[PDB]
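Shown next as structure tokens: one chain only, the form deposited in one PDB entry.
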């Protein structure tokens, strides 16, 4: 039996993010379960406590995870979060690596809103990918949450909204597979870049796998080159134009531009209602007991 904070019982690993590791535990007092991020204190570069503050700044936003309790305790900084349903990668695999157009558009609509909300509290996420989107439990079950603000950062000053400066020679940050063209080239990341990664997440959900996925070297140069060489028209072939239009828009944004988040959603909701779907949140994984 393992206790943290003198009120939580620590169970088993249920996750691994960018830093730390996530486990199941129980609020012994409340009588209800939780996610418990742990980072060991003898890491070269501490992070949980910074991330913890990013969560308190996002709190009370649609599909932003609730933080129950934060603090350091012996050898582990710890962060108790509301427990959440499974990730879109988990669901994607449960659905055998293929989602209907309906599920990809219900998700697209929520994914763009969480990204927009982060951008309005002055942060970029920088690792938009299937694992960092999660469905809530029970009441909040048709609601995509966003997680892992471990690589996120301020892109503009909280007071003046002055954008961060443009620069170059940045290292890779974020998952190679879904990075922006610009990140592959070493350009400082901005809002455009978060939404362009969503773009690849959406095509990944349609294709089953991107075409720069599953190459085999002995660096990641290769990924970069085929992502940059793939004409959008060819990546999106056999899928609605709206997916090429979203990505061309994002690829066409400028470093400090405010993306038009209403327009990008609009592509998708208009495609949605033109196909004859009903906005009932029946997803592809709907026969589960969330």
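Positions refer to the first chain, counted from 1.
A second form of this protein, the form deposited with a partner chain bound, is not displayed here; the remarks below concern that form.
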(message) So its partner chain isn't shown here. In the entry with it bound, which residue out of 151, 107, 115, 207 has a non-hydrogen atom within 4.5 Å of it?
(response) 151
(request) Could you spot which one of 102, 192, 177, 119 gets a heavy atom to within 4.5 Å of its partner chain in the entry with it bound? (result) 177
(message) Which is the contacting stretch out of 194 to 202, 155 to 163, 107 to 115, 168 to 176, given heavy atoms within 4.5 Å of its partner chain in the entry with it bound?
(response) 168 to 176
(message) Residue-level question: is residue 48 within 4.5 Å of its partner chain in the entry with it bound, judged on heavy atoms?
(response) no
(request) Tell me, yes or no, whether residue 223 is in contact with its partner chain in the entry with it bound, where a contact means a heavy atom of each within 4.5 Å. (result) yes
